[PDB]
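With mmCIF, C-alpha atoms and all ligand atoms; chains and numbers go by the auth columns inside, this is start.cif:
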```
data_structure
loop_
_atom_site.group_PDB
_atom_site.id
_atom_site.type_symbol
_atom_site.label_atom_id
_atom_site.label_comp_id
_atom_site.label_asym_id
_atom_site.label_seq_id
_atom_site.Cartn_x
_atom_site.Cartn_y
_atom_site.Cartn_z
_atom_site.B_iso_or_equiv
_atom_site.auth_seq_id
_atom_site.auth_asym_id
ATOM 1 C CA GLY A 1 -260.383 37.192 65.428 0.00 3 K
ATOM 2 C CA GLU A 2 -261.073 37.910 61.779 0.00 4 K
ATOM 3 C CA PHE A 3 -257.483 38.332 60.619 0.00 5 K
ATOM 4 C CA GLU A 4 -256.033 36.082 63.284 0.00 6 K
ATOM 5 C CA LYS A 5 -258.459 33.333 62.707 0.00 7 K
ATOM 6 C CA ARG A 6 -257.737 33.039 59.015 0.00 8 K
ATOM 7 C CA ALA A 7 -254.009 33.177 59.766 0.00 9 K
ATOM 8 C CA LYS A 8 -254.345 30.457 62.418 0.00 10 K
ATOM 9 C CA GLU A 9 -256.412 28.397 59.983 0.00 11 K
ATOM 10 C CA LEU A 10 -253.466 28.839 57.621 0.00 12 K
ATOM 11 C CA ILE A 11 -251.088 27.921 60.467 0.00 13 K
ATOM 12 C CA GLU A 12 -253.021 24.707 61.036 0.00 14 K
ATOM 13 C CA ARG A 13 -253.503 24.068 57.381 0.00 15 K
ATOM 14 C CA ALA A 14 -249.773 24.491 56.593 0.00 16 K
ATOM 15 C CA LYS A 15 -248.696 22.594 59.722 0.00 17 K
ATOM 16 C CA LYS A 16 -249.714 19.393 58.037 0.00 18 K
ATOM 17 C CA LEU A 17 -247.179 19.707 55.225 0.00 19 K
ATOM 18 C CA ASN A 18 -244.299 19.742 57.641 0.00 20 K
ATOM 19 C CA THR A 19 -241.547 21.055 55.419 0.00 21 K
ATOM 20 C CA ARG A 20 -238.854 23.690 55.807 0.00 22 K
ATOM 21 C CA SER A 21 -240.601 26.190 53.605 0.00 23 K
ATOM 22 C CA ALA A 22 -243.807 25.736 55.440 0.00 24 K
ATOM 23 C CA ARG A 23 -242.200 26.124 58.802 0.00 25 K
ATOM 24 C CA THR A 24 -241.035 29.468 57.408 0.00 26 K
ATOM 25 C CA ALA A 25 -244.581 30.363 56.376 0.00 27 K
ATOM 26 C CA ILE A 26 -245.890 29.368 59.814 0.00 28 K
ATOM 27 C CA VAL A 27 -243.374 31.564 61.658 0.00 29 K
ATOM 28 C CA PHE A 28 -244.234 34.411 59.281 0.00 30 K
ATOM 29 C CA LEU A 29 -248.031 34.056 59.692 0.00 31 K
ATOM 30 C CA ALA A 30 -247.525 33.975 63.455 0.00 32 K
ATOM 31 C CA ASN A 31 -245.631 37.260 63.080 0.00 33 K
ATOM 32 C CA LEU A 32 -248.451 38.695 60.948 0.00 34 K
ATOM 33 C CA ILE A 33 -250.893 37.994 63.790 0.00 35 K
ATOM 34 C CA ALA A 34 -248.629 39.716 66.318 0.00 36 K
ATOM 35 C CA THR A 35 -248.088 42.702 64.024 0.00 37 K
ATOM 36 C CA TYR A 36 -251.811 42.868 63.233 0.00 38 K
ATOM 37 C CA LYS A 37 -252.797 43.040 66.910 0.00 39 K
ATOM 38 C CA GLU A 38 -250.475 46.011 67.434 0.00 40 K
ATOM 39 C CA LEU A 39 -251.574 47.880 64.305 0.00 41 K
ATOM 40 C CA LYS A 40 -255.207 47.437 65.349 0.00 42 K
ATOM 41 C CA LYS A 41 -254.412 49.099 68.682 0.00 43 K
ATOM 42 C CA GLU A 42 -252.497 51.788 66.779 0.00 44 K
ATOM 43 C CA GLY A 43 -255.399 52.365 64.410 0.00 45 K
ATOM 44 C CA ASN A 44 -253.225 52.037 61.299 0.00 46 K
ATOM 45 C CA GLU A 45 -255.774 50.965 58.711 0.00 47 K
ATOM 46 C CA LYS A 46 -253.524 51.310 55.669 0.00 48 K
ATOM 47 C CA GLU A 47 -251.117 48.790 57.201 0.00 49 K
ATOM 48 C CA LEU A 48 -254.008 46.624 58.414 0.00 50 K
ATOM 49 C CA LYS A 49 -255.147 46.433 54.789 0.00 51 K
ATOM 50 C CA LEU A 50 -251.552 45.761 53.729 0.00 52 K
ATOM 51 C CA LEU A 51 -251.302 42.789 56.105 0.00 53 K
ATOM 52 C CA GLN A 52 -254.738 41.535 55.037 0.00 54 K
ATOM 53 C CA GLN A 53 -253.425 41.499 51.468 0.00 55 K
ATOM 54 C CA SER A 54 -250.332 39.578 52.575 0.00 56 K
ATOM 55 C CA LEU A 55 -252.652 37.041 54.219 0.00 57 K
ATOM 56 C CA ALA A 56 -254.516 36.500 50.943 0.00 58 K
ATOM 57 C CA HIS A 57 -251.269 36.016 49.026 0.00 59 K
ATOM 58 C CA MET A 58 -249.967 33.464 51.533 0.00 60 K
ATOM 59 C CA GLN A 59 -253.281 31.666 51.153 0.00 61 K
ATOM 60 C CA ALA A 60 -252.730 31.309 47.411 0.00 62 K
ATOM 61 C CA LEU A 61 -249.233 29.883 47.894 0.00 63 K
ATOM 62 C CA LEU A 62 -250.367 27.377 50.535 0.00 64 K
ATOM 63 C CA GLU A 63 -253.541 26.459 48.637 0.00 65 K
ATOM 64 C CA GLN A 64 -251.536 25.425 45.567 0.00 66 K
ATOM 65 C CA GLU A 65 -249.005 23.574 47.732 0.00 67 K
ATOM 66 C CA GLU A 66 -251.396 21.241 49.573 0.00 68 K
ATOM 67 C CA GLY B 1 -227.090 35.235 44.136 0.00 3 N
ATOM 68 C CA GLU B 2 -230.230 34.900 42.005 0.00 4 N
ATOM 69 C CA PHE B 3 -232.727 34.695 44.912 0.00 5 N
ATOM 70 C CA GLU B 4 -230.759 36.706 47.487 0.00 6 N
ATOM 71 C CA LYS B 5 -230.016 39.903 45.533 0.00 7 N
ATOM 72 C CA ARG B 6 -233.677 40.384 44.612 0.00 8 N
ATOM 73 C CA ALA B 7 -234.665 39.676 48.216 0.00 9 N
ATOM 74 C CA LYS B 8 -232.175 42.391 49.183 0.00 10 N
ATOM 75 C CA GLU B 9 -233.825 44.666 46.605 0.00 11 N
ATOM 76 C CA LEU B 10 -237.138 44.077 48.386 0.00 12 N
ATOM 77 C CA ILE B 11 -235.490 44.687 51.764 0.00 13 N
ATOM 78 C CA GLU B 12 -234.131 48.016 50.489 0.00 14 N
ATOM 79 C CA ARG B 13 -237.536 49.240 49.307 0.00 15 N
ATOM 80 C CA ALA B 14 -239.240 48.005 52.483 0.00 16 N
ATOM 81 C CA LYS B 15 -236.810 49.997 54.628 0.00 17 N
ATOM 82 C CA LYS B 16 -237.818 53.218 52.864 0.00 18 N
ATOM 83 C CA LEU B 17 -241.381 52.815 54.149 0.00 19 N
ATOM 84 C CA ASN B 18 -240.391 53.223 57.822 0.00 20 N
ATOM 85 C CA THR B 19 -243.531 51.369 58.913 0.00 21 N
ATOM 86 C CA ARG B 20 -244.236 48.685 61.492 0.00 22 N
ATOM 87 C CA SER B 21 -245.588 46.380 58.768 0.00 23 N
ATOM 88 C CA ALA B 22 -242.388 46.818 56.743 0.00 24 N
ATOM 89 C CA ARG B 23 -240.229 45.574 59.625 0.00 25 N
ATOM 90 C CA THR B 24 -242.245 42.358 59.492 0.00 26 N
ATOM 91 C CA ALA B 25 -241.629 42.059 55.753 0.00 27 N
ATOM 92 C CA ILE B 26 -237.899 42.677 56.278 0.00 28 N
ATOM 93 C CA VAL B 27 -237.680 40.112 59.093 0.00 29 N
ATOM 94 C CA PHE B 28 -239.523 37.632 56.902 0.00 30 N
ATOM 95 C CA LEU B 29 -237.323 38.510 53.884 0.00 31 N
ATOM 96 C CA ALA B 30 -234.198 37.721 55.890 0.00 32 N
ATOM 97 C CA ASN B 31 -235.769 34.406 56.914 0.00 33 N
ATOM 98 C CA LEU B 32 -236.473 33.570 53.266 0.00 34 N
ATOM 99 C CA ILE B 33 -232.811 34.204 52.408 0.00 35 N
ATOM 100 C CA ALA B 34 -231.635 31.934 55.228 0.00 36 N
ATOM 101 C CA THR B 35 -234.163 29.218 54.371 0.00 37 N
ATOM 102 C CA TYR B 36 -233.329 29.504 50.660 0.00 38 N
ATOM 103 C CA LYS B 37 -229.594 29.091 51.271 0.00 39 N
ATOM 104 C CA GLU B 38 -230.369 26.054 53.424 0.00 40 N
ATOM 105 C CA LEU B 39 -232.434 23.732 51.218 0.00 41 N
ATOM 106 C CA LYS B 40 -230.381 24.959 48.238 0.00 42 N
ATOM 107 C CA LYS B 41 -227.513 22.997 49.737 0.00 43 N
ATOM 108 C CA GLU B 42 -229.793 19.960 49.940 0.00 44 N
ATOM 109 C CA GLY B 43 -230.775 20.227 46.305 0.00 45 N
ATOM 110 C CA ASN B 44 -234.446 20.232 47.331 0.00 46 N
ATOM 111 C CA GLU B 45 -235.437 22.245 44.308 0.00 47 N
ATOM 112 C CA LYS B 46 -239.239 22.014 44.400 0.00 48 N
ATOM 113 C CA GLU B 47 -239.125 24.132 47.568 0.00 49 N
ATOM 114 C CA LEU B 48 -236.665 26.648 46.103 0.00 50 N
ATOM 115 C CA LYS B 49 -239.248 27.399 43.406 0.00 51 N
ATOM 116 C CA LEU B 50 -241.938 27.786 46.081 0.00 52 N
ATOM 117 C CA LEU B 51 -239.749 30.331 47.879 0.00 53 N
ATOM 118 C CA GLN B 52 -239.144 32.081 44.554 0.00 54 N
ATOM 119 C CA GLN B 53 -242.914 32.450 44.187 0.00 55 N
ATOM 120 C CA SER B 54 -243.282 33.812 47.726 0.00 56 N
ATOM 121 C CA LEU B 55 -240.593 36.368 46.861 0.00 57 N
ATOM 122 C CA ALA B 56 -242.607 37.444 43.807 0.00 58 N
ATOM 123 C CA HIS B 57 -245.742 37.930 45.892 0.00 59 N
ATOM 124 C CA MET B 58 -243.712 39.950 48.391 0.00 60 N
ATOM 125 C CA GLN B 59 -242.553 41.923 45.352 0.00 61 N
ATOM 126 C CA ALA B 60 -246.156 42.699 44.379 0.00 62 N
ATOM 127 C CA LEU B 61 -247.282 43.553 47.919 0.00 63 N
ATOM 128 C CA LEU B 62 -244.588 46.162 48.575 0.00 64 N
ATOM 129 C CA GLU B 63 -245.327 47.803 45.200 0.00 65 N
ATOM 130 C CA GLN B 64 -248.509 49.559 46.346 0.00 66 N
ATOM 131 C CA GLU B 65 -246.733 51.093 49.348 0.00 67 N
ATOM 132 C CA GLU B 66 -244.559 53.164 46.999 0.00 68 N
HETATM 133 NA NA NA C . -240.882 35.974 59.497 0.00 101 G
#
```
As structure tokens, the full file:
Amino acid sequence: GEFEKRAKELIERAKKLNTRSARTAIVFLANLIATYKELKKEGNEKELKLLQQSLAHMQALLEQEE
Amino acid sequence: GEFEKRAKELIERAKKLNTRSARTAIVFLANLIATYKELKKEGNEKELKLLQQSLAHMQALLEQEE
């Protein structure tokens, strides 16, 4: 999975805070996975990098939270 | 609006990318507005700050694209 696996690890990790904000991050990260799978089929590497960056920003918001 | 108008500023710039990844940022930006308005009515202010931070990461992710 690579991108998906780190996002799902963030989905799990965030799922244990059970708040409103976090249920907004979970929905978003789920959408990043779905968008990532399509952009990989499309071969759009600039946007794949863009989403990888978004994944590393969400990790630094949900690392400080927990 | 404080949070909302800047989120709308990020929505505006994301729409001028006309990319698949930007429609995920816009969708997510609308969800942040709705979630922000919600807990703002509760006075749950620790989470409003967290959403403010997520908006400022979104602001620094969309800045490379243009
Ligand atoms: Na979203």
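In this comparison, which uses only C-alpha atoms, the residue of N:42, N:33, N:28, N:57 approaching chain K most closely is N:33.
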Fit target chain K, mobile chain N, all Cα in order, as a PDB file with C-alpha atoms, keeping the file's coordinate frame:
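Result written to out-v4.pdb:
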```pdb
ATOM      1  CA  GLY N   3    -260.710  37.772  65.400  1.00  0.00           C
ATOM      2  CA  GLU N   4    -261.238  38.539  61.706  1.00  0.00           C
ATOM      3  CA  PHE N   5    -257.533  38.512  60.707  1.00  0.00           C
ATOM      4  CA  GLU N   6    -256.252  36.091  63.362  1.00  0.00           C
ATOM      5  CA  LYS N   7    -258.614  33.129  62.879  1.00  0.00           C
ATOM      6  CA  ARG N   8    -257.906  32.964  59.144  1.00  0.00           C
ATOM      7  CA  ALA N   9    -254.180  33.267  59.849  1.00  0.00           C
ATOM      8  CA  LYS N  10    -254.631  30.323  62.223  1.00  0.00           C
ATOM      9  CA  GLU N  11    -256.439  28.480  59.415  1.00  0.00           C
ATOM     10  CA  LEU N  12    -253.358  29.018  57.244  1.00  0.00           C
ATOM     11  CA  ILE N  13    -251.091  27.902  60.093  1.00  0.00           C
ATOM     12  CA  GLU N  14    -253.122  24.691  60.439  1.00  0.00           C
ATOM     13  CA  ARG N  15    -252.825  23.809  56.748  1.00  0.00           C
ATOM     14  CA  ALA N  16    -249.128  24.726  56.681  1.00  0.00           C
ATOM     15  CA  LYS N  17    -248.430  22.354  59.572  1.00  0.00           C
ATOM     16  CA  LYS N  18    -249.869  19.438  57.591  1.00  0.00           C
ATOM     17  CA  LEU N  19    -247.143  19.867  54.966  1.00  0.00           C
ATOM     18  CA  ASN N  20    -244.309  18.949  57.367  1.00  0.00           C
ATOM     19  CA  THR N  21    -241.808  20.817  55.190  1.00  0.00           C
ATOM     20  CA  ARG N  22    -238.947  23.191  55.918  1.00  0.00           C
ATOM     21  CA  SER N  23    -240.601  25.888  53.785  1.00  0.00           C
ATOM     22  CA  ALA N  24    -243.839  25.537  55.767  1.00  0.00           C
ATOM     23  CA  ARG N  25    -242.071  26.293  59.056  1.00  0.00           C
ATOM     24  CA  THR N  26    -241.031  29.603  57.512  1.00  0.00           C
ATOM     25  CA  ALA N  27    -244.626  30.335  56.518  1.00  0.00           C
ATOM     26  CA  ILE N  28    -245.819  29.457  60.036  1.00  0.00           C
ATOM     27  CA  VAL N  29    -243.155  31.634  61.684  1.00  0.00           C
ATOM     28  CA  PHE N  30    -244.103  34.464  59.352  1.00  0.00           C
ATOM     29  CA  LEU N  31    -247.841  33.854  59.968  1.00  0.00           C
ATOM     30  CA  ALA N  32    -247.317  34.217  63.711  1.00  0.00           C
ATOM     31  CA  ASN N  33    -245.421  37.457  63.067  1.00  0.00           C
ATOM     32  CA  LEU N  34    -248.316  38.780  60.977  1.00  0.00           C
ATOM     33  CA  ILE N  35    -250.723  38.064  63.848  1.00  0.00           C
ATOM     34  CA  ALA N  36    -248.494  39.896  66.330  1.00  0.00           C
ATOM     35  CA  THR N  37    -247.928  42.830  63.969  1.00  0.00           C
ATOM     36  CA  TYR N  38    -251.645  42.966  63.123  1.00  0.00           C
ATOM     37  CA  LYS N  39    -252.670  43.099  66.787  1.00  0.00           C
ATOM     38  CA  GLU N  40    -250.130  45.880  67.308  1.00  0.00           C
ATOM     39  CA  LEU N  41    -251.010  48.567  64.754  1.00  0.00           C
ATOM     40  CA  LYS N  42    -254.681  47.615  65.218  1.00  0.00           C
ATOM     41  CA  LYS N  43    -254.395  49.217  68.635  1.00  0.00           C
ATOM     42  CA  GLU N  44    -252.956  52.322  66.977  1.00  0.00           C
ATOM     43  CA  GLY N  45    -255.819  52.566  64.530  1.00  0.00           C
ATOM     44  CA  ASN N  46    -253.316  52.629  61.657  1.00  0.00           C
ATOM     45  CA  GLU N  47    -255.783  51.066  59.281  1.00  0.00           C
ATOM     46  CA  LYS N  48    -254.040  51.487  55.920  1.00  0.00           C
ATOM     47  CA  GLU N  49    -251.436  48.986  57.145  1.00  0.00           C
ATOM     48  CA  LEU N  50    -254.039  46.545  58.484  1.00  0.00           C
ATOM     49  CA  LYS N  51    -255.414  46.277  54.942  1.00  0.00           C
ATOM     50  CA  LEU N  52    -251.887  45.703  53.610  1.00  0.00           C
ATOM     51  CA  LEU N  53    -251.447  42.839  56.081  1.00  0.00           C
ATOM     52  CA  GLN N  54    -254.851  41.489  55.043  1.00  0.00           C
ATOM     53  CA  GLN N  55    -253.587  41.372  51.455  1.00  0.00           C
ATOM     54  CA  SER N  56    -250.375  39.599  52.480  1.00  0.00           C
ATOM     55  CA  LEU N  57    -252.541  37.031  54.275  1.00  0.00           C
ATOM     56  CA  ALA N  58    -254.511  36.455  51.061  1.00  0.00           C
ATOM     57  CA  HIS N  59    -251.331  35.880  49.069  1.00  0.00           C
ATOM     58  CA  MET N  60    -250.146  33.458  51.747  1.00  0.00           C
ATOM     59  CA  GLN N  61    -253.552  31.822  51.305  1.00  0.00           C
ATOM     60  CA  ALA N  62    -252.941  31.368  47.570  1.00  0.00           C
ATOM     61  CA  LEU N  63    -249.355  30.138  47.965  1.00  0.00           C
ATOM     62  CA  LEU N  64    -250.163  27.327  50.402  1.00  0.00           C
ATOM     63  CA  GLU N  65    -253.022  26.164  48.143  1.00  0.00           C
ATOM     64  CA  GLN N  66    -250.779  24.451  45.582  1.00  0.00           C
ATOM     65  CA  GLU N  67    -248.989  22.460  48.293  1.00  0.00           C
ATOM     66  CA  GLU N  68    -252.222  20.586  49.047  1.00  0.00           C
TER      67      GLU N  68
END
```
Interface list for chain N, partner chain K, 10 Å threshold, only C-alpha atoms, as JSON, numbers by chain: {"N": [21, 22, 23, 24, 25, 26, 27, 29, 30, 31, 33, 34, 36, 37, 38, 40, 41, 49, 50, 52, 53, 55, 56, 59, 60, 62, 63, 64, 66, 67]}
Selection under test: the PyMOL selection byres (((chain K and resi 3) around 12) and not hetatm); residues as a list in words: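 Taken on the displayed file, the PyMOL selection byres (((chain K and resi 3) around 12) and not hetatm) yields the residues residues 4, 5, 6, 7, 8, 9, 10, 11, 35, 38, 39 and 42 of chain K.
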The selected residues should be written to file as a PDB file, in the coordinates of the input (atoms: C-alpha atoms).
```pdb
ATOM      1  CA  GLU K   4    -261.073  37.910  61.779  1.00  0.00           C
ATOM      2  CA  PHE K   5    -257.483  38.332  60.619  1.00  0.00           C
ATOM      3  CA  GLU K   6    -256.033  36.082  63.284  1.00  0.00           C
ATOM      4  CA  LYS K   7    -258.459  33.333  62.707  1.00  0.00           C
ATOM      5  CA  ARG K   8    -257.737  33.039  59.015  1.00  0.00           C
ATOM      6  CA  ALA K   9    -254.009  33.177  59.766  1.00  0.00           C
ATOM      7  CA  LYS K  10    -254.345  30.457  62.418  1.00  0.00           C
ATOM      8  CA  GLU K  11    -256.412  28.397  59.983  1.00  0.00           C
ATOM      9  CA  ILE K  35    -250.893  37.994  63.790  1.00  0.00           C
ATOM     10  CA  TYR K  38    -251.811  42.868  63.233  1.00  0.00           C
ATOM     11  CA  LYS K  39    -252.797  43.040  66.910  1.00  0.00           C
ATOM     12  CA  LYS K  42    -255.207  47.437  65.349  1.00  0.00           C
TER      13      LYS K  42
END
```
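Atom pair CA of residue 65 (chain N) / CA of residue 45 (chain K): separated by 22.2 Å.
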N:32, N:18, N:13, N:51 ranked by distance to ligand NA 101 (chain G), top pick (using only C-alpha atoms and all ligand atoms):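 That would be N:32, the residue with the smallest distance to ligand NA 101 (chain G).
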Separation of CA of residue 44 (chain N) from atom NA of ligand NA 101 (chain G), in Å and rounded to one decimal: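 Between these atoms lies a distance of 21.7 Å.
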Atom-to-atom span, CA of residue 19 (chain N) and CA of residue 47 (chain K), Å: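 Separation between CA of residue 19 (chain N) and CA of residue 47 (chain K): 15.2 Å.
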Expected file for chain N keeping C-alpha atoms, as a PDB file, in the first residue's frame:
```
ATOM      1  CA  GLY N   3     -16.084  34.814   9.741  1.00  0.00           C
ATOM      2  CA  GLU N   4     -12.470  34.477  10.901  1.00  0.00           C
ATOM      3  CA  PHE N   5     -12.048  30.774   9.989  1.00  0.00           C
ATOM      4  CA  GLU N   6     -14.558  30.611   7.122  1.00  0.00           C
ATOM      5  CA  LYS N   7     -13.373  33.500   4.921  1.00  0.00           C
ATOM      6  CA  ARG N   8      -9.795  32.203   4.866  1.00  0.00           C
ATOM      7  CA  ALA N   9     -11.088  28.702   4.135  1.00  0.00           C
ATOM      8  CA  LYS N  10     -12.997  30.268   1.236  1.00  0.00           C
ATOM      9  CA  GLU N  11      -9.749  31.943   0.148  1.00  0.00           C
ATOM     10  CA  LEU N  12      -8.149  28.490   0.032  1.00  0.00           C
ATOM     11  CA  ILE N  13     -11.155  27.104  -1.850  1.00  0.00           C
ATOM     12  CA  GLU N  14     -10.803  29.884  -4.440  1.00  0.00           C
ATOM     13  CA  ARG N  15      -7.121  29.162  -5.083  1.00  0.00           C
ATOM     14  CA  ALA N  16      -7.725  25.402  -5.155  1.00  0.00           C
ATOM     15  CA  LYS N  17     -10.384  25.824  -7.843  1.00  0.00           C
ATOM     16  CA  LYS N  18      -7.873  27.557 -10.123  1.00  0.00           C
ATOM     17  CA  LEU N  19      -5.763  24.387 -10.217  1.00  0.00           C
ATOM     18  CA  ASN N  20      -8.438  22.333 -12.021  1.00  0.00           C
ATOM     19  CA  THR N  21      -6.904  19.108 -10.705  1.00  0.00           C
ATOM     20  CA  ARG N  22      -8.335  15.931  -9.220  1.00  0.00           C
ATOM     21  CA  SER N  23      -6.313  16.475  -6.030  1.00  0.00           C
ATOM     22  CA  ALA N  24      -7.726  19.998  -5.679  1.00  0.00           C
ATOM     23  CA  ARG N  25     -11.311  18.710  -5.664  1.00  0.00           C
ATOM     24  CA  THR N  26     -10.349  16.639  -2.629  1.00  0.00           C
ATOM     25  CA  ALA N  27      -8.917  19.714  -0.914  1.00  0.00           C
ATOM     26  CA  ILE N  28     -12.082  21.688  -1.720  1.00  0.00           C
ATOM     27  CA  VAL N  29     -14.363  18.909  -0.444  1.00  0.00           C
ATOM     28  CA  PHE N  30     -12.269  18.711   2.706  1.00  0.00           C
ATOM     29  CA  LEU N  31     -12.236  22.534   3.044  1.00  0.00           C
ATOM     30  CA  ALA N  32     -16.030  22.607   2.969  1.00  0.00           C
ATOM     31  CA  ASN N  33     -16.073  19.897   5.644  1.00  0.00           C
ATOM     32  CA  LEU N  34     -13.741  21.967   7.831  1.00  0.00           C
ATOM     33  CA  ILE N  35     -16.108  24.945   7.546  1.00  0.00           C
ATOM     34  CA  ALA N  36     -19.100  22.812   8.539  1.00  0.00           C
ATOM     35  CA  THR N  37     -17.219  21.141  11.398  1.00  0.00           C
ATOM     36  CA  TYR N  38     -15.843  24.502  12.560  1.00  0.00           C
ATOM     37  CA  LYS N  39     -19.298  26.096  12.672  1.00  0.00           C
ATOM     38  CA  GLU N  40     -20.527  23.088  14.649  1.00  0.00           C
ATOM     39  CA  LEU N  41     -18.207  22.821  17.660  1.00  0.00           C
ATOM     40  CA  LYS N  42     -17.994  26.637  17.663  1.00  0.00           C
ATOM     41  CA  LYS N  43     -21.580  26.578  18.867  1.00  0.00           C
ATOM     42  CA  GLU N  44     -20.543  24.157  21.610  1.00  0.00           C
ATOM     43  CA  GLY N  45     -17.737  26.396  22.777  1.00  0.00           C
ATOM     44  CA  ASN N  46     -15.304  23.484  22.408  1.00  0.00           C
ATOM     45  CA  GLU N  47     -12.413  25.798  21.728  1.00  0.00           C
ATOM     46  CA  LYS N  48      -9.430  23.439  21.939  1.00  0.00           C
ATOM     47  CA  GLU N  49     -10.727  21.781  18.760  1.00  0.00           C
ATOM     48  CA  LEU N  50     -11.355  25.094  16.985  1.00  0.00           C
ATOM     49  CA  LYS N  51      -7.640  25.844  17.357  1.00  0.00           C
ATOM     50  CA  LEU N  52      -6.798  22.386  15.990  1.00  0.00           C
ATOM     51  CA  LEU N  53      -8.948  23.100  12.929  1.00  0.00           C
ATOM     52  CA  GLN N  54      -7.252  26.490  12.594  1.00  0.00           C
ATOM     53  CA  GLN N  55      -3.909  24.679  12.428  1.00  0.00           C
ATOM     54  CA  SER N  56      -5.190  22.228   9.808  1.00  0.00           C
ATOM     55  CA  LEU N  57      -6.316  25.237   7.761  1.00  0.00           C
ATOM     56  CA  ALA N  58      -2.796  26.687   7.967  1.00  0.00           C
ATOM     57  CA  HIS N  59      -1.254  23.442   6.740  1.00  0.00           C
ATOM     58  CA  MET N  60      -3.772  23.375   3.894  1.00  0.00           C
ATOM     59  CA  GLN N  61      -2.628  26.943   3.239  1.00  0.00           C
ATOM     60  CA  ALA N  62       0.999  25.811   2.930  1.00  0.00           C
ATOM     61  CA  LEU N  63       0.217  22.759   0.784  1.00  0.00           C
ATOM     62  CA  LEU N  64      -1.717  24.645  -1.899  1.00  0.00           C
ATOM     63  CA  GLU N  65       1.071  27.255  -2.102  1.00  0.00           C
ATOM     64  CA  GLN N  66       3.449  25.080  -4.136  1.00  0.00           C
ATOM     65  CA  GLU N  67       0.754  24.337  -6.727  1.00  0.00           C
ATOM     66  CA  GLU N  68       0.729  28.010  -7.748  1.00  0.00           C
TER      67      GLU N  68
END
```
